[PDB]
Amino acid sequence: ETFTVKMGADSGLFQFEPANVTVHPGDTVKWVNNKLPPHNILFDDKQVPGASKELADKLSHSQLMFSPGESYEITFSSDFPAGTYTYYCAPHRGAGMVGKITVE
């Protein structure tokens, strides 16, 4: 299954929608740039399973997305550790533009 997460609410809120997504191994999360850019998608090293910086860095999309419809996806294949992957948008961090992917 692919779960889409809007970056920016349709109504002009600096939020990921849905902020929390539960996925199973093999599922994909697709972020779509919707409203109020720029956005990015950052996982801190201590915010992924096992606190792996290698993993968190590979998954982070630190570059800023400005154009509507720009996208980034992660397929949480069976080779990903189960657990929570908590992320945030740096440009809108102060607005609480955060989310969490729970694998399994």
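Numbering starts at 1 and runs along the sequence shown.
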{"item": "Mean temperature factor over C-alpha atoms, higher-scoring stretch between 2-10 and 93-101", "value": "2-10"}
{"item": "Higher-B stretch (mean Cα B-factor, as the entry records it), 57-65 or 74-82", "value": "74-82"}
{"item": "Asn40 CA temperature factor, ranked by third within the chain", "value": "lowest"}
{"item": "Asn34 - Cα temperature factor, lowest/middle/highest third of chain", "value": "highest"}
